[PDB]
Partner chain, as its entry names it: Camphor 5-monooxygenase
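One chain comes next, on its own, written as structure tokens: the form deposited without the partner chain.
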């Protein structure tokens, strides 16, 4: 799956995340999330606060309401399509997913 991460300054990182691998997982293989994780990626922290293109959010496993309550626990501007990068699984069919990461991931 083609995985691009859009930072703030406009710089991007294109990876290859296989099926079942979460963006937070491959970000550790290319050295991108190098910031440790509180919920260890178990959907329970705002460490992976990022904005996923509203084109893959309704296609990738949109977690039930358990996250919708955590999404209301970040320090950055939430978005209708906000998402906790760890609770996401990439797939070759969803190749081209664009992720937007803010300066305040908290």
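Numbering follows the first chain given and starts at 1.
If you look for the form solved in complex with the partner chain, you will not find it shown, but the lines that follow are about it.
The partner chain in the bound PDB entry: contacted by all of 62, 92 and 94, heavy atom 4.5 Å: Judged in the bound PDB entry, none of 62, 92 and 94 sits within 4.5 Å of the partner chain.
In the bound PDB entry, residue 36 touching the partner chain (heavy atom, 4.5 Å): Heavy-atom contact with the partner chain at 4.5 Å: present for residue 36.
Residue 81 versus the partner chain, in the bound PDB entry: is there a non-hydrogen atom within 4.5 Å? Although the partner chain is absent here, residue 81 would stay clear of it in the bound PDB entry, with no heavy atoms inside 4.5 Å.
In the bound PDB entry, residue 44 touching the partner chain (heavy atom, 4.5 Å): Looking in the bound PDB entry, residue contacts with the partner chain include residue 44, since a heavy atom lies within 4.5 Å.
Along 61 to 97, which positions have a non-hydrogen atom within 4.5 Å of the partner chain in the bound PDB entry? Result: 66, 70, 73.
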